[PDB]
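Below is one structure; the comments refer to it alone.
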Amino acid sequence: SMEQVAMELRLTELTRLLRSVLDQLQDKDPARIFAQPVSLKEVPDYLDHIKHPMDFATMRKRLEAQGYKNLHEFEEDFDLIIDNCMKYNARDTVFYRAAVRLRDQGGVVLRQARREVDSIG
Ligand code: NA
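Spelled out as structure tokens, the structure:
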């Protein structure tokens, strides 16, 4: 059907907006602390602490499969990256502090994305 292709035109265009948003969030992490999953060989207890790991490469694979049906789903994943990191690492660490900064800088980008997704549809 034609409707399915119009929805697909919108899921596709959402993906195009989310890709720009992802690239912009990932520029606020020049250290690349959040680029790839935490290594279970280097952190073998990780899953005893964090039940849903997330990272930017994993978000990108989902994005490129058109796996985000709305901005809420995308934001949930971004907040995992931040939230996992602030739980696992102590407050006085470079990692915990990188997450705070990412969150703060990410907020501005996400605020305007919520407007563009509402505005365009
Ligand atoms: Na903690």
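Numbering of the sequence shown is given in the deposited numbering, commencing with residue 22 and proceeding in unit increments. For each residue, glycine too, the CB sits at the ideal point set by N, CA and C.
Discussion item. Which residue marks the beginning of the alpha helix (DSSP H) containing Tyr67, and which one marks its end?
Written reply: For the purposes of this step, residue 67 is taken as residue 46 along the sequence shown, with counting starting at 1. Element bounds for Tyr67: 67 to 70.
Practice prompt. Compare the Cα-Cα distances from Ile141 to each of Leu101, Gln126, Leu32 and report the closest residue.
Written response: Start at 1 with the first residue of the sequence shown, and residue 141 comes out as number 120. Here the closest residue by C-alpha is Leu32.
Worksheet item: Would the beta-carbon of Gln47 fall within 8 Å of that of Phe95?
Response: Numbered from 1 along the sequence shown, position 26 holds the residue referred to as residue 47. Numbered from 1 along the sequence shown, position 74 holds the residue referred to as residue 95. Against a cut-off of 8 Å, the Cβ pair of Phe95 and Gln47 comes out as no contact.
Worksheet entry | Chain-order list of residues whose beta-carbon lies under 8 Å from that of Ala119 (same chain, five-residue window excluded) | Within the sequence shown, the letter at position 98 stands for residue 119. Excluding sequence neighbours, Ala119 sits near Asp50, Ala52, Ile54, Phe55, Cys106.
Worksheet item: Just the Cα atoms here: how many angstroms apart are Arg37 and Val138?
Response: Within the sequence shown, residue 37 is the residue found at index 16, counting from 1. Within the sequence shown, residue 138 is the residue found at index 117, counting from 1. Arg37 and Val138: Cα-Cα distance of roughly 11 Å.
Worksheet item: Is the closest heavy atom of the ligand NA to the C-beta of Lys108 under 7 Å?
Response: Position 87 of the sequence shown, counting from 1, holds the residue named residue 108. Yes, Cβ of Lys108 sits closer than 7 Å to a heavy atom of the ligand NA.
Discussion item. If we require 3 or more residues per run, which beta strand (DSSP E) segments fall completely within the stretch 76 to 130?
Written reply: none
Discussion item. Am I right that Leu84 and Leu43 are in contact with their C-beta atoms under 8 Å? What's the rounded C-beta distance?
Written reply: Position 63 of the sequence shown holds residue 84. Position 22 of the sequence shown holds residue 43. Indeed they touch by this definition, with Cβ atoms about 6 Å apart.
Worksheet item: From which residue to which residue does the alpha helix (DSSP H) around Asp50 run?
Response: The count along the sequence shown starts at 1 and reaches residue 50 at position 29. Taken as a continuous stretch (DSSP letters only), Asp50 belongs to no alpha helix (DSSP H), as it is neither H nor E.
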